[PDB]
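Note that we place each Cβ from the backbone using ideal geometry, even for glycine, and neighbour counts take in every protein chain shown. Every number here is computed from the coordinates shown, using simple stated rules; none is lab data.
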Amino acid sequence: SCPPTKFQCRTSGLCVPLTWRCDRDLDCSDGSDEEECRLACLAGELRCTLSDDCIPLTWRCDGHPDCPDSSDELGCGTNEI
Amino acid sequence: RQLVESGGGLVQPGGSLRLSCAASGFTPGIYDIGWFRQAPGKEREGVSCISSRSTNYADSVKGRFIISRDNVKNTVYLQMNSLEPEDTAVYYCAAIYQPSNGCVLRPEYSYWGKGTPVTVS
Amino acid sequence: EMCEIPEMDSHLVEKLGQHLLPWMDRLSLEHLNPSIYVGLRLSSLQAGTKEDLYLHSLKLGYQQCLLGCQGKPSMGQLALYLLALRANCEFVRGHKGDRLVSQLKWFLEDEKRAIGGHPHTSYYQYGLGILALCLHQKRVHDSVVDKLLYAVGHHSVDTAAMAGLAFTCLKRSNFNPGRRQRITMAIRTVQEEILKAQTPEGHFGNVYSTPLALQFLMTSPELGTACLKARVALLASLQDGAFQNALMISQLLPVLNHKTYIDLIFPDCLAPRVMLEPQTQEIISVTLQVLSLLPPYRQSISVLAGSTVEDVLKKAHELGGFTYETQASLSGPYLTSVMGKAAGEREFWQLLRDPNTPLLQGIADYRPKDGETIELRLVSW
Ligand code: CNC
Ligand SMILES: [Ca+2]
Ligand SMILES: [Ca+2]
Ligand SMILES: [Ca+2]
């Protein structure tokens, strides 16, 4: 009973955009979306190794993955790699 | 820091121009940039803008001026085509953080430039 | 000492919630209000199956417009969206979740650069952002906290109150231990400032300031005499029916239920909640007036009684020779431009009534009495 652009969660009966179907994130209560599936930076900044995003060096090792690939948080707990 | 406009100067109708908004201390991917014009005795109007992560034009400019970003520079260019008299004004570029999908044309940006004079006869 | 709002019968909270219930069915991004969802969940009341649709609409609009619209949502509104996540016993999480948080960190970072100065938004939105992050145990750099720390120019009770909430979370979470001693001075001084702003009637600078001032006061042990003075104050104004604004109602319900935003550290989604269930002849004449512009505008407009200042402005526009512009906010229509002049930076169009007294409600809540003159004034702040 969902419009053409959205996928309807099987249990909850709610409407979820197809961008959310198969994105590794559980956006429906049961997980229906994820099942049946398959320029340079500045001075005090830092480049994510595999993406083109820039993040200030202070978001490195801060507890939160500020890069898509999580690289800002990789080496933490040990000198270098 | 701030942003600087240039590329403006006298031309006659039917001409071309290129305005250059060069942006210093701004992280490349995260701000909306937009071009704004204020003609003498007139409120500042929204001309064009380039999206943070797309393009929006003001309909008086539809098909006339086109925004773009130089990959090495971190500068955004408003390329000006099919010039008419009422496109005479000083031209400002501006910077705002608004990861909302589009950039906006309404005059609420947070970092403003000096303006570069563009006049036409 | 100690700061208590004693227990009350269901009816005053009941009808206070009946002013929230119509919004639960207004899911356009233009109207979606995370502050409302938070205050319901933190309250004695509930709207049942509507709450899940309401949350879903937020998770829809906010995630699609910021990660994929018509403008906005705002970064400050994103902070309230996070609080709504806690209000449902969730941590921001996942790929979409991680990106949202980084966005809101960028906000806190941009604002920190601009200060170097004022923030582009407000110190309120600044501490609101820190507090949402701290509620999902995400950390912000010591340098970010420092901007807030120094900010306690002159500030309203709400601003200090929200700062206080941000710092209380930092302390209780042991976050930013580099500044530990300075957060507790800030918490202390935020307390001493709110008490100074108590009005003779008993309010912490305004009736609307009192909910948030109480939330912050409720978290950190003159104290109780001021808080009793506050409760009489508050209670009188509820009988006078001062709380009509949804956002205001949403900041006050948590207090009536003995909760603050800081309780979202440890959300209690199961505690049971009471289920919320769902013309004039007169014509009055208001004189609308604008003096910040030359030559001044002053006219009498004739509208039905019970009309709001908004109702007047529309009518002044219809009759000719008056224009204004508003923009949507979580609290209703905000007045942005009057007569072609728009509020500049550090400017706003203030609303007043006779005599030179600023209104405590906006253009869509204030209902002028027959004969009141209403000013729109372009004021610096
Ligand atoms: C700083 C601030 C404060 N303000 Co002003 C104050 N002081 N405000 C705003 C500033 C906005 C600009 C900015 N850079 O933020 C400021 C001072 C210019 C603005 C204007 C005044 N404020 C005044 C009050 C009393 C409102 N404001 C509050 C929201 C009071 C707030 C305190 C509080 N307890 O909430 C407050 C501390 C912070 C608002 C915020 O950031 N919310 C969080 C944000 C995430 O949500 P938001 O909805 O997107 O925020 C925007 C709106 O709230 C909008 N807005 C701000 N105030 C209002 C008021 C109304 C009535 C409406 C409809 C929208 C707004 O501006 C924000 C974005 O710029 C409200 C609680 C404050 C209070 N303590 O009483 C109060 C309304 C109470 C009620 N019953 O609804 C307004 C009436 C005062 C007047 N006499 O003119 C007036 C707005 C008039 C108008 N043009 O329509
Ligand atoms: Ca998904
Ligand atoms: Ca990080
Ligand atoms: Ca944008």
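Give me the net charge of C:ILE265's neighbourhood, meaning all other residues with Cβ under 12 Å from the Cβ of C:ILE265; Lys, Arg count +1, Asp, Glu -1. Net charge in that neighbourhood comes out at +2.
Partner shielding of A:54-66 amounts to 5, given as the average count of beta-carbon atoms from other chains within 10 Å of each residue beta-carbon.
In order along segment A:7-24, the Karplus-derived 3J(HN,Hα) couplings, from 6.51 cos²θ - 1.76 cosθ + 1.60 at θ = phi - 60°, round to 9, 9, 3, 4, 6, 5, x, 10, 9, 9, x, 4, 3, 8, 6, 6, 10, 6 Hz, and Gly and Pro are given as x. Panel order for A:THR11, A:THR58, by other beta carbons found within 10 Å of each beta carbon, from fewest to most: A:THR11, A:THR58. Note on A:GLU36 and C:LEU235: their simple-model spin labels are 5.8 nm apart, each label 7 Å out from Cα toward Cβ.
Place +1 on the Cβ of every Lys and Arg and -1 on the Cβ of every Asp and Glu in the protein assembly as shown, take the dipole about the Cα centre, and give the residue among C:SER300, B:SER16, A:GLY77 whose Cα lies farthest towards its positive end. It is B:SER16.
With each label modelled as a point 7 angstrom along the Cα→C-beta vector, the C:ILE283-B:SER16 pair spans 6.4 nm. Peptide C:102-114 has a mean shielding of 5, counted as Cβ atoms of other protein chains within 10 Å of each residue's Cβ.
Of all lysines in the structure, the ones whose alpha carbon falls short of 16 Å from that of C:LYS341, not counting any fewer than 8 places away in one chain, are B:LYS42. Computing FRET efficiency as 1/(1 + (r/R0)^6) for C:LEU53 and B:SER6, where r is the C-beta to C-beta distance and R0 is 51 Å, gives about 0.45. Of C:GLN70, C:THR219, A:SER32, which is farthest on the positive side of the dipole of the protein assembly as shown, counting Cα position, with +1 on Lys and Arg Cβ, -1 on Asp and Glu Cβ, and the Cα centre as origin? With unit charges placed on the Cβ atoms, the residue in question is C:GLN70. For the peptides C:364-370, C:195-201, residues were scored by their other Cβ atoms within 10 Å and the scores averaged per peptide; the highest-first order is C:364-370, C:195-201. Less than 5 angstrom separates the built amide H of B:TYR91 from those of B:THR116, B:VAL118, all sequence-distant by 5 or more or on a different chain. Taking the number of Cβ atoms within 10 Å of each Cβ as an exposure proxy, the fewest-first ranking of A:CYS76, A:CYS15, A:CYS41, C:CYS227 is A:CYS76, A:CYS15, A:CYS41, C:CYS227. Under 11 Å from a point 7 Å along the Cα-to-Cβ line of C:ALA305: which residues of segment C:347-381 have their amide N that close? Correct set: C:369-371.
Descending by average beta-carbon neighbour count within 10 Å, the peptides A:30-37, C:169-176 line up as C:169-176, A:30-37, the highest first. In segment C:279-381, a dipole from Cβ-located charges (positive for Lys and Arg, negative for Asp and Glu) runs towards its positive end, and of C:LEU319, C:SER337, C:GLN279 it is C:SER337 whose Cα lies farthest in that direction. Annotation: the residues C:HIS155, C:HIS118, sorted from fewest to most other C-beta atoms within 10 Å of their own C-beta, follow the order C:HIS118, C:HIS155. With a Förster radius of 60 Å applied to the C-beta separation of C:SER380 and A:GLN8, the computed FRET efficiency comes to 0.70. Charged side chains reduced to their Cβ positions (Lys and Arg at +1, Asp and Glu at -1) give chain A a dipole of some 280 debye around its Cα centre. Cross-link candidates for C:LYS72: which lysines have Cα within less than 19 Å, leaving aside residues fewer than 8 places away along the same chain? Excluding near neighbours in sequence, the set is C:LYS59, C:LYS96, C:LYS105. Label-to-label distance, C:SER173 versus C:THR199, with points set 7 angstrom from Cα along the beta-carbon direction: 3.4 nm. Residue by residue along A:14-23, Cβ atoms of other protein chains within 10 Å of the local Cβ number 3 on average.
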